[PDB]
Amino acid sequence: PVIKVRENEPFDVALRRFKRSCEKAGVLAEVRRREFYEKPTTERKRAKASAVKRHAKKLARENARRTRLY
Amino acid sequence: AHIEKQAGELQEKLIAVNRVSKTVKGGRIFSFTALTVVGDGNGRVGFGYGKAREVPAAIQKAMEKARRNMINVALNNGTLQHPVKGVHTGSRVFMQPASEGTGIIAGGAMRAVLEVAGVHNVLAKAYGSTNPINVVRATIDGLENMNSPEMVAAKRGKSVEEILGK
Amino acid sequence: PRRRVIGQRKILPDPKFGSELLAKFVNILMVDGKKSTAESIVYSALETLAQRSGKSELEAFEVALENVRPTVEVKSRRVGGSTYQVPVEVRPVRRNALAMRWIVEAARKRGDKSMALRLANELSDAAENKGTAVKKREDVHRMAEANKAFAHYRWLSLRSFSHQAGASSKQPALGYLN
Amino acid sequence: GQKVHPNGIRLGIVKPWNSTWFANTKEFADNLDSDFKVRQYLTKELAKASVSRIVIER
Amino acid sequence: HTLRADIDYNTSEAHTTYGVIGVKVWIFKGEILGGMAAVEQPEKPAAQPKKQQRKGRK
Amino acid sequence: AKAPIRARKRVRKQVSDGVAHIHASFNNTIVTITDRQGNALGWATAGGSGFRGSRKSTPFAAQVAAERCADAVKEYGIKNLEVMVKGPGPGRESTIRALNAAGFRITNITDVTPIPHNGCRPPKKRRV
RNA sequence: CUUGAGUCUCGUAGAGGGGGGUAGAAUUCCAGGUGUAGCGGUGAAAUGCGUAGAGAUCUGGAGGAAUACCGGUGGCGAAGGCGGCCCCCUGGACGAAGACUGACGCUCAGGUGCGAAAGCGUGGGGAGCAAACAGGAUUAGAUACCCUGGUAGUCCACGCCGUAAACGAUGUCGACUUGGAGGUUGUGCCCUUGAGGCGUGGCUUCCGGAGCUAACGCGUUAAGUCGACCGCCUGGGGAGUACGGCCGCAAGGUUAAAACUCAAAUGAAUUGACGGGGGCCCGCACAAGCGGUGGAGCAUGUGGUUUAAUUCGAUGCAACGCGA
RNA sequence: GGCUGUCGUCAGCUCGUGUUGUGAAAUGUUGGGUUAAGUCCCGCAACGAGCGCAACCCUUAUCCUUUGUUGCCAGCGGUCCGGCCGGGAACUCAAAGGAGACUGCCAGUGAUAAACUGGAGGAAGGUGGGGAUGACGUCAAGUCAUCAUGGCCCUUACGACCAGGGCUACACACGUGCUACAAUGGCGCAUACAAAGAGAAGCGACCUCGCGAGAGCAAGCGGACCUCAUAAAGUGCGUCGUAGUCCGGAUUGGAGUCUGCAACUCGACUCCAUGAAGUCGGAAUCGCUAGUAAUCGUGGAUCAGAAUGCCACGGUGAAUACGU
RNA sequence: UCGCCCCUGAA
């Protein structure tokens, strides 16, 4: 949740929740559970399923954007 | 499409008739559905699926829609001019032409659909599961799909012109 | 499920205080929907207080009650992420209600004649926190300040925290609490 | 039940009453019974005309 | 549920050997016109500023 | 709150600096301040504060423990932290913030956290 | 003869295979130091562990197993499958100019080889996890899921068994048939004056046209349109069982029925319904409050019971001060 | 059959026509906003329409109009000081008819759409509040015993009529109510104001008697006349003092009353005596967001004669609602 | 996250 890089300035609350994003990502939450090779790999193919679909969504969105209904 | 029920030559006929159901929020409803065909004894045949709360209006609406699904067919003799062994839906359809001096020879849908369509000396057959409802898809597999002598003759005539042109 | 604002009650000024706050103190001391029989006890006990203590007419109630009211009430709801029931820091309006109620409750734990004399002597001991109605405070406020896990429902909330910027520690919840 | 038949003021001040009469203090009962009795025999002995509805005015 | 229309309603019953067959006929003759929400005479507002009184003094 | 007080018998182990160890566990929170000579000065934990259940890992529970620990190192004279946040559960800034607000300041943010390369095999744990 | 196939040359990329070295992180043990009354676990708990000094934390040493990130529908292999780093030996794929061979090809019952994981034999090794097992917990019971321990085993070497939802539930080979976008890897060209602009091959996803299909969908890497050869199926239950043979050390695997019994079994899709599935929205539904009942007596109904009769009907709410 | 309950006062439920699908069906009715609303707006193979919501109907919150007697009484007089008499129709009142509220208007917010949030005017704002309104249906739900009716059965009877008895047994259990467990109260004194209905098998003023219930005498009344009617909680005083009692009232006996042909099982009321259990109720469970809850009386129907029930009417009159 | 089973039939 932190990295070896230091903060040496006065703080009470400091940035260390994007040092969380330079360490933890669920990599300290995989230490109490076992999985097969199948499980996480299929989930990776839902984050590239997101990215191909992102392009496809834009064509659909464009029709809605024309009209005002918000 | 266009009307197949025409005064002085109309040849109203029916095919299926039964009830179907949907399961509603309360109980369950019944929709009075049925298949029909009106002929003329000269082709011009179609089909319709009505929805009604009664058997008379099931056949009303199906003959309305029959005219809206008319297919044209033209032939010589009392028999189809070309065999079609094509299959539409899971009911398998076969259809031979046959010389006059034989009946329709069919107890299914294609007894009556092959009557109205100006044919009555045709010999036909079907394989697969028994289900009159998609025996009716011999509209597609014989009446709609066909060959005729003057169709094939203009294949033979088209080619000649091209050789001359070059 | 709840649509629009709650009702507001417009109530009369007292004929001896002019207040609607101490009109709400007649209201708590009503039983069987009779304001008539209520108003009796109120003034009977105001005098008892004035003799047995120093104070003032707006300190015989007010000050005494500001030593019975906690600033946190712990309510109920099954969810908590630990099957916890969450502290709720109460609005200043709800502060009033708590203390007022408890002083009348305290006079049904007494049998010291009338009802005026009961709540009067109780309120006289309630401004120095030596009463028995100020000991009700010492369980609501004792609990709340000695144990917290806040209004977050810990498992549900944690997922929401993680998505927003990456956290596991307490923050606002971006995602659903459903 | 399934239909509760709402008609109790559709024939009120929305459409006329089909038996308009008045009765006094000890006449209420009498006027009620007598009217209805007549109508039974009446409607039965007439069937050669297409009855729209009997009404009486007393 | 229209309160400005002539909702008709009467019943009949057969008494066949097939059982009893109830009949209900509901004809919506009006649609925007009543029969007792229309065609009536109210009374008062007579528009006279004096309300007559006995006179004389005694 | 309800956390105990602590004190120590030595005032000769100071160097004016010490590692702030924090183990923010999903089921507990340990806060231990060791000297910068790598020898303990104080320690404290959520369960000793008096918390039970999964409310030993809560923000509140982490604060109380951080301050229990503070009482156990104050007498040496320490005023610098070398924060070693570890473990996945909450209490990971709850402790930090509490220390700051208790006459200490941060000086270093360091990472000493177990990260396996799978030299041991995880348990299954919960499945209900 | 060269278009099929194959070889040669030159490069290209990769977790291809086998073997041997090597690094650090993490857990653990052991040793030492510091510090004290808790630790650990859980929804709560308890078993277990701590003053004989644990937990944590720091220092030293040792061992076993695995290599965080890297890392991605990314890549490679015939498939199974294959991840730190390095060396050695070695296989396959592809492209580029040409050059050569000259149908040498394709498939295949039998046959032969390769086989995840578990298992078995023999010898090494043992940290963590974990069948078994033992306490504890949850449950009416709980020989379980849950918690604390923990043995075989997992690991290494060699041999054996050969199975898997061994999957793309899709035999292999060859040939064709709209396209679009992305990914990946060669190579030619273009003020290469742009990490690129335009091509053209190999491999890989997503979308989708025609067509096909019962539909879901497949859709140039087909379930489209053809041929070649092989394998299999022929109602379900009985049964992947019996019997015999075969294979194995065994466990079992493999080949593989019938009697009997039934009118269905089954696939896809439709609408509603249900979900301790999700999202959304309300109601004294809850929270927050206020007042009751169940206690007691009486009034009233009912059941039970009794009586010659205790006339009959109603049956959570929506019967039971109801018809009355 | 007819009638009714039920989910449910639910915002849903369908259909025609076209299109899509081989079909079942789908679309619409879904989505993006929004409302109490399938409400409205926009979009979208949907276009239209029906039922339900809403709608129009009543009633109430105001103000106006009529009509003023049995109702009102200001300005005007009597007085007996009492709307009791004349006078006055102004006022309240009655109850017929209108005025009014529609997101109508102002600002912001919201796609400039609907709408939402504050504001103003007003008696009242945002389905104003309450009725009627309870769909198409489902539950082979109930009801052949209100009534109707297909079949069935009884025929010097199972039919019919009468006297007596049983329905109000009973050792119990359950449901729905009511009454207490008290000083915010009990009892004694005095005292404040009601509404809406009812009435010549009736209620019955007055006066007389009775402790009373009530009886005798009798006017009035089919009526904004007269009577039921004295409203009761409440209020000002007297007391009692936290006791199972000055709380509470069950039980039974005796003595009486009334309504009836007659009150024995099985009528109600009264009188005196006896004076109960109970000191405020577990597990559990239910109602309620405002003139509601709470509590206090009053009337009505059924009724010769029996309300702690049902039904209706007014008096006094809250707590709480962060939030879902 | 709070374990939680059980339910003869034709409208």
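Protein chains in written order, with this note's numbering: chain A, 784 to 853; chain B, 798 to 963; chain C, 320 to 497; chain D, 792 to 849; chain E, 459 to 516; chain F, 278 to 405.
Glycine is no exception: its CB is placed at the ideal position from the N, C-alpha and C atoms.
Around the C-beta of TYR403 (chain C), 16 or more other C-beta atoms lie within 10 Å, and the residue is accordingly described as buried. A direct Cα-Cα distance of roughly 19 Å separates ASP388 (chain F) from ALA339 (chain F).
When rounded, the separation of the alpha-carbon atoms in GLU813 (chain A) and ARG827 (chain A) is 16 Å.
Take the alpha-carbon of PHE303 (chain F) and the one of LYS353 (chain C): they are about 56 Å apart. Per DSSP, the unbroken alpha helix (DSSP H) holding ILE856 (chain B) starts and ends at 854-861. For the beta strand (DSSP E) assignment, the uninterrupted runs of no fewer than 3 residues enclosed by the segment 372-444 of chain C are, from N- to C-terminal side, 391-393 and 406-408.
Between the alpha carbons of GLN499 (chain E) and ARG801 (chain D) lies a distance of about 19 Å. For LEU358 (chain F), the uninterrupted beta strand (DSSP E) run begins and ends at 355-361, by DSSP.
For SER888 (chain B), the three-state secondary structure derived from DSSP is coil.
Around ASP294 (chain F), no beta-carbon contact reaches into chain A at under 9 Å, the shortest distance being about 13 Å. Look at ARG803 (chain A): its C-beta is under 8 Å from a C-beta on chain C.
In the structure shown, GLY836 (chain B) falls within a strand segment according to DSSP collapsed to helix, strand and coil.
Ranked by Cα distance from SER828 (chain B), the first of B:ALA921, B:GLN803, B:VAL834 and B:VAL817 is B:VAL817. If the five residues before and after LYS290 (chain F) are omitted, its C-beta is found closer than 8 Å to the C-beta atoms of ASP312, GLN314, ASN316, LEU318 and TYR353, all from its own chain and listed in chain order. For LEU491 (chain E), there is no enclosing alpha helix (DSSP H), since its DSSP letter is neither H nor E.
If you look at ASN385 (chain F), you'll find it isn't in any alpha helix (DSSP H); it sits in the beta strand (DSSP E) that goes 383-387. Uninterrupted beta strand (DSSP E) stretches at least 3 residues long and entirely within the segment 895-938 of chain B occur at 920-924, given in chain order. Interface criterion met: the Cβ of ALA378 (chain F) is under 8 Å from a Cβ in chain A. Judged by DSSP secondary structure, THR825 (chain A) falls within the alpha helix (DSSP H) whose first and last residues are 821-827. Here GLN490 (chain C) has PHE480 as same chain residues with Cβ atoms under 6 Å from its own Cβ, once five neighbours each way along the sequence are excluded. DSSP, read as helix, strand or coil, puts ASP824 (chain D) in helix.
In this structure, DSSP gives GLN808 (chain B) an extended state, which the three-state scheme calls strand.
The segment 925-944 of chain B makes contact with the segment 872-889 of chain B: 3 or more CB pairs, one atom from each, lie closer than 8 Å. Nearest neighbour of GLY875 (chain B) by Cα position, chosen from B:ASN944, B:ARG841, B:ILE901 and B:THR830, turns out to be B:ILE901. Any Cβ of chain F closer than 8 Å to the Cβ of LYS787 (chain A) would place that residue at the interface, and such an atom is present. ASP464 (chain E) is classed as buried because its beta carbon has at least 16 other beta carbons within 10 Å across all chains shown. Interface residue (Cβ-Cβ distance to chain A less than 8 Å): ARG285 (chain F) is not classified as such.
Its Cα nearest to that of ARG414 (chain C), the residue C:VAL382 stands out among C:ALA439, C:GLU441, C:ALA484 and C:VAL382. Chain C places no beta carbon closer than 8 Å to that of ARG848 (chain A), leaving this residue out of the contacts.
The C-beta of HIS471 (chain C) has 16 or more other C-beta atoms within 10 Å across all chains shown, which makes the residue buried. If you look at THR335 (chain F), you'll find it isn't in any alpha helix (DSSP H); DSSP assigns it neither H nor E. The shortest C-alpha to C-alpha distance from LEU798 (chain A) to any of C:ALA418, C:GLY485, C:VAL407 and C:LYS467 is the one to C:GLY485.
Here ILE282 (chain F) is exposed. Its C-beta has fewer than 16 other C-beta atoms within 10 Å. Around the beta-carbon of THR309 (chain F), 16 or more other beta-carbon atoms lie within 10 Å, marking it buried. Chain order gives the chain F residues near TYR403 (chain C) as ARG332, where near means a beta carbon separation below 8 Å. By the CB criterion at 8 Å, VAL407 (chain C) and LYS394 (chain C) fall inside the cutoff.
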